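Before any questions on how it binds or moves, here is one chain, the form deposited in one PDB entry, in C-alpha cells.
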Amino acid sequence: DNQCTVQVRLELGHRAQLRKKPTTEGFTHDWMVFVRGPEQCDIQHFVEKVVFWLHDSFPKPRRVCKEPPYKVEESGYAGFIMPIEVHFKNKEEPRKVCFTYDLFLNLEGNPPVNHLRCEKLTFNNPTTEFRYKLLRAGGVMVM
C-alpha cells in the first residue's frame, strides 16, 4: 500500500585559516561552519532551522539559522566539538537530527582547513506533508 523510504542528503563542513595577524583579543583563526544541501537541492523545504551550539567560551553560543545560509562565521583560538541540530518541518518523529561536529583549526604552518561531512538521512514512511517537503528539497524515494 503506502510503505516508502525517502533519502535526503546534508553536507556539514567547515573552513578555517590562520589570520595574517591575531585580533586584539588574541583570536588567531577565522572559521566558518555550515550545513547545506548538495548542488540544485533546497533543504529549506524540509529544514525548519539549524542550531549550532558553540563552545561555552562564546557569547550567545546557541546560534540559530532559520533560513539559508545555515552557517556561523567566527574568529577564535581553538577548535571544539560543536553540537549541530537540524530541525525538520515534520509533524512527527523524527523532529530533528543531531550531529557532533569536530571544528578543528590548522595548527601554525599547516594549510587552511576545508572539510566536508556528507550525511544521508533515511526517513521511513514519512507523513504525506513531510514526504512532500522532502521530495520538493530533492529527496529520493527508495524501491
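Only the largest set of C-alpha atoms that superpose within 1.5 Å between the two forms is called the rigid core. The numbering used is simple: start at 1 and walk along the sequence shown. Shifts are known only where both forms have a C-alpha.
If you look for the form deposited in another entry, you will not find it shown, but the lines that follow are about it.
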Select from 51, 113, 32, 97 the only position whose Cα moves 2 Å or more between the shown form and the other one when the core is aligned. 113
Please say whether the CA atoms of residue 102 and residue 107 come closer or move farther apart in the other entry, knowing the change relative to this form is 3 Å or more. closer
Regarding residue 109 and residue 75, go with closer or farther for their CA spacing in the other entry versus this form, the difference being 3 Å or more. farther
Suppose the core is superposed; which segments, at least 3 residues long, show C-alpha displacements of 2 Å or more throughout between the shown form and the other one? 106-113
